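In: how does the following fold in three dimensions:
(chains A, B, C, D and E, ligands or ions: 6)
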Amino acid sequence: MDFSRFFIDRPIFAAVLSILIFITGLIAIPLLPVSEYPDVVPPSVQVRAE
Amino acid sequence: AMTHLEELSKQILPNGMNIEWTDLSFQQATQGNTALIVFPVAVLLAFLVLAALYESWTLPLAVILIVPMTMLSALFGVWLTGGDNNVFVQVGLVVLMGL
Amino acid sequence: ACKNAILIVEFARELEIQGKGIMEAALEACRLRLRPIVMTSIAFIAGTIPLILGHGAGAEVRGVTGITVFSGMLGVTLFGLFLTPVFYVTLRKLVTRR
Amino acid sequence: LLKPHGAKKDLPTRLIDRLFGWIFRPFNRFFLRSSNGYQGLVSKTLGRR
Amino acid sequence: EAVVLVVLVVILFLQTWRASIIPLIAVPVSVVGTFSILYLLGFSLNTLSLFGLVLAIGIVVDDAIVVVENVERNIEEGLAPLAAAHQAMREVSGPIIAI
Ligand SMILES: CCCCCCCCCCCCO[C@@H]1O[C@H](CO)[C@@H](O[C@H]2O[C@H](CO)[C@@H](O)[C@H](O)[C@H]2O)[C@H](O)[C@H]1O
Ligand SMILES: CCCCCCCCCCCCO[C@@H]1O[C@H](CO)[C@@H](O[C@H]2O[C@H](CO)[C@@H](O)[C@H](O)[C@H]2O)[C@H](O)[C@H]1O
Ligand SMILES: CCCCCCCCCCCCO[C@@H]1O[C@H](CO)[C@@H](O[C@H]2O[C@H](CO)[C@@H](O)[C@H](O)[C@H]2O)[C@H](O)[C@H]1O
Ligand SMILES: CCCCCCCCCCCCO[C@@H]1O[C@H](CO)[C@@H](O[C@H]2O[C@H](CO)[C@@H](O)[C@H](O)[C@H]2O)[C@H](O)[C@H]1O
Ligand SMILES: CCCCCCCCCCCCO[C@@H]1O[C@H](CO)[C@@H](O[C@H]2O[C@H](CO)[C@@H](O)[C@H](O)[C@H]2O)[C@H](O)[C@H]1O
Ligand SMILES: CCCCCCCCCCCCO[C@@H]1O[C@H](CO)[C@@H](O[C@H]2O[C@H](CO)[C@@H](O)[C@H](O)[C@H]2O)[C@H](O)[C@H]1O
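Out: Numbering: from 1, shown residues only, chains lettered A, B, ... in the order given. Ligands and ions are numbered 1, 2, ... in the order given. Below, you will see the structure:
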């Protein structure tokens, strides 16, 4: 089966889909949190007295 | 007004005093204009849908270039009647550009 | 390894559907898949050279990764081009004995 | 983008053929020999399952 | 670097610069597109997700090589490019989904 038939014959639909994917990845990049590692340190709470 | 008041305070206040915005002014002063990203993204997405519809990279411009004229017609009505471009007018502009 | 071997097996299957014998199909499938398998292997392997030969920031993770990929890719290529058609033929002959 | 098999060469192809064409024929010769070698090798492998 | 290497491998083996355009475009689309789903799923850019992204370039490159080499093989067998594309995707498009 040729699952690509429509796109092969109408390449601008393929272009548009890829640009949309690309564009939404670009929008998303500066929204992503950024750190060296994922959150792996167990949460902790410190009680201090003197 | 905010820039002017910032200027005033540099001229007027003694060393050791300053101003801080609060309430809605603080939001105005600390918000970016994401409109600079939102508007080009909207135009480009609409262009891409039309490029697919028409199978043409150029025919979408026959639609897109027309919409500034509808916005000008509406804003001309506001200007003529002495209105302003408040948020309700602004949504109306965009719906009229949609139609 | 899976990506490459699925297509060897798929092509052989197609070639049997289009008339060829089990052995002939396996051999022609490998002949057809040889070039893209080797193109990918060469591209990957060349890309591991700056990981192997690069010291500085990130050098430790770069290094362990290049060694792993370089060695793994030699095996991807060789076992994909020689073991897969053997298994293909053995399993085909297993279910079409008589 | 891909042209039919023996299409006339465009400007960048002619430029690459000039600049790099001396690589293509020995590589082509080496791929053909390696390809034929692999074919014989796997063929003998299948006789030694 | 991956894009330069795959371009050179494609030219070395297929000997047309036109075939190298397919990975040239497909690889960055596929890598940059990954961020929108990472964002939607709540992930961060960290040295581990970024490492996965660079390892994944290997799979992305192989995908582009599979498609363009199989089209070009059908062209080497005398098919016109459009028929060669359709035939090539009858051969691999279902397998690509399964893979
Ligand atoms: C970062 C990602 C970027 C990806 C960039 C990809 C660019 C690739 C351009 C693809 C070309 C398709 O773009 C466009 O395709 C359509 C067909 O769909 C062609 O259209 C042609 O065929 C269609 C029928 O399908 C006719 O209706 C049309 O009149 C004719 O021009 C256009 O002439 C071509 O300009
Ligand atoms: C050709 C395109 C390349 C393919 C795309 C692959 C993308 C891979 C991840 C790109 C991520 C960008 O990630 C981004 O990194 C930059 C630079 O370090 C940071 O950006 C920062 O850079 C400098 C100083 O450091 C400042 O002037 C800037 O305003 C600030 O945002 C972003 O806050 C972070 O989100
Ligand atoms: C297109 C193919 C997609 C296949 C993907 C299949 C996904 C499988 C499900 C994995 C589950 C996702 O689960 C998601 O994990 C991330 C891990 O970073 C968690 O992320 C959480 O911790 C991270 C730090 O690492 C912080 O940025 C944040 O405070 C929070 O979002 C999310 O709270 C959780 O919702
Ligand atoms: C031709 C196709 C080739 C396909 C395969 C290519 C795979 C590429 C190899 C992986 C590259 C690794 O890239 C490398 O990643 C690690 C982890 O994110 C980074 O490492 C960074 O994060 C780690 C924490 O994890 C710190 O301890 C380190 O000091 C810092 O440099 C390196 O700065 C970067 O150089
Ligand atoms: C035909 C119909 C038209 C289709 C319309 C398409 C609508 C697409 C809208 C996408 C909007 C999603 O909006 C966004 O959702 C994500 C994921 O749930 C939320 O979550 C995101 O940021 C939060 C922090 O704020 C973190 O948990 C994480 O990094 C990320 O998941 C965001 O806070 C929200 O801004
Ligand atoms: C994690 C959940 C996943 C569960 C579901 C996974 C399903 C994967 C389906 C992908 C298959 C689609 O791909 C399609 O496969 C079928 C066989 O199945 C191939 O079909 C081929 O073999 C069949 C017999 O098996 C013949 O009738 C036919 O002449 C030939 O084309 C198609 O050429 C290919 O295009």
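In: and the helices in chain B?
Out: For chain B, the helices defined by DSSP state H cover B:2-12, B:23-30, B:35-54, B:60-64, B:67-81, B:87-98.
In: can you put those in CSV and add mean neighbour count and distance to chain A?
Out: C-beta coordinates here come from the backbone N, C-alpha and C atoms, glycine included. As requested, those are exported to CSV (neighbours: other CB atoms under 10 Å in any protein chain shown; distance: least, CB to the nearest CB, whole Å):
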stretch, mean neighbour count, distance to chain A
helix B:2-12, 10, 26
helix B:23-30, 10, 17
helix B:35-54, 14, 4
helix B:60-64, 14, 11
helix B:67-81, 12, 20
helix B:87-98, 12, 20
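In: which ones are touching whichever residue of chain B sits closest to chain D?
Out: Closest residue of chain B to chain D, CB to the nearest CB: residue B:57 (16.2 Å). Each residue near residue B:57 by CB atoms under 8 Å, 6 or more residues apart in numbering or on different chains is listed here: A:12, B:51.
In: for it, phi and psi?
Out: phi -80, psi -10 (degrees, to the nearest 10).
In: next: residue A:47.
Out: According to degrees, to the nearest 10, residue A:47 has phi -110, psi 120.
In: burial check on it, number of neighbours?
Out: When neighbours are counted by other CB atoms under 10 Å in any protein chain shown, residue A:47 registers 4.
In: any idea how far residue B:27 is from the nearest residue to residue B:97 once chain neighbours are set aside?
Out: Nearest residue to residue B:97, sequence neighbours excluded (CB to CB, 6 or more residues apart in numbering or on different chains): residue B:67, at 4.4 Å. Distance of residue B:67 to residue B:27, given as CB to CB, to the nearest Å: 30 Å.
In: which helix or strand contains residue A:50?
Out: Using DSSP states H and E, residue A:50 falls within no helix or strand.
In: for ligand 6, see how far away it is.
Out: The gap separating residue A:50 from ligand 6 is 60 Å, by CB to the nearest ligand atom, to the nearest Å.
In: so which residues on chain A come close to ligand 3?
Out: Counting by CB under 6 Å from any ligand atom, chain A comes close to ligand 3 at A:33, A:38, A:39.
In: now the residues you listed as TSV including secondary structure, neighbour count and distance to residue D:17?
Out: Compiled in TSV, the residues of chain A next to ligand 3 are given as follows (DSSP: H, G, I helix; E, B strand; the rest coil; neighbours: other CB atoms under 10 Å in any protein chain shown; distance: CB to CB, whole Å):
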residue	secondary structure	neighbour count	distance to residue D:17
A:33	coil	12	50
A:38	coil	12	50
A:39	coil	10	55
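In: between those, which is closest to chain E?
Out: residue A:33 (3.9 Å).
In: list the contacts of the closest one.
Out: E:44, E:45.
In: which one, of the helices of chain B, ends up nearest to ligand 3?
Out: helix B:35-54 (21.4 Å; CB to the nearest ligand atom).
In: between the closest one and helix B:87-98, how big is the angle?
Out: 20 degrees (axes from the mean of the first three to the mean of the last three CA atoms, to 10 degrees).
In: and the residue of chain E closest to ligand 6?
Out: residue E:94 (2.1 Å).
In: try chain A
Out: residue A:1 (3.7 Å).
In: closest one of the residues of chain A next to ligand 3 to ligand 4?
Out: Among those, and counting by CB to the nearest ligand atom, the member closest to ligand 4 is residue A:38, at 10.7 Å.
In: so who does the closest residue to ligand 1 within chain B touch?
Out: Taking CB to the nearest ligand atom, ligand 1 has its nearest neighbour within chain B at residue B:55, 4.1 Å off. Residues in contact with residue B:55 (CB under 8 Å, 6+ apart) are A:10, A:12, A:13.
In: give me the three-state assignment for residue C:55.
Out: coil (DSSP: H, G, I helix; E, B strand; the rest coil).
In: and it, how close does it get to ligand 1?
Out: Relative to ligand 1, and taking CB to the nearest ligand atom, residue C:55 is found at 35 Å.
In: hmm, back to that, in what helix or strand does the residue of chain E closest to ligand 6 lie?
Out: helix E:81-98.
In: in chain E, what residue lies closest to chain B?
Out: Counting by CB to the nearest CB, chain E gets nearest chain B through residue E:36, at 12.8 Å.
In: burial count for that residue?
Out: Residue E:36 has 21 nearby residues by other CB under 10 Å.
In: surely it touches residue A:27?
Out: Yes - between residue E:36 and residue A:27 there is a contact under CB atoms under 8 Å: 7.2 Å.
In: is the longest helix belonging to chain C anywhere near chain E?
Out: Longest helix in chain C, counting residues (DSSP H): helix C:59-94. Yes - interface with chain E: helix C:59-94 contributes C:61, C:65, C:69 (CB under 8 Å from any CB of the partner chain).
In: for ligand 1, see how far away the last one is.
Out: Yep, that's residue C:69 we're talking about. Look at residue C:69 and ligand 1: by CB to the nearest ligand atom, they are 27 Å apart.
In: isn't that residue right up against residue C:48?
Out: Yes - proximity of residue C:69 to residue C:48 meets the contact threshold set by CB under 8 Å, at 5.0 Å.
In: re the thing from before, what's the local residue count around the residue of chain A closest to ligand 6?
Out: For residue A:1, using other CB under 10 Å, the count is 9.
In: what's near enough to touch the residue in chain D that ligand 6 sits nearest to?
Out: Closest residue of chain D to ligand 6, CB to the nearest ligand atom: residue D:2 (22.1 Å). By CB under 8 Å, 6+ apart, the residues touching residue D:2 are E:16, E:18, E:19, E:68, E:71, E:72, E:75, E:81, E:84.
In: I'm done for today, thanks for sticking with me.
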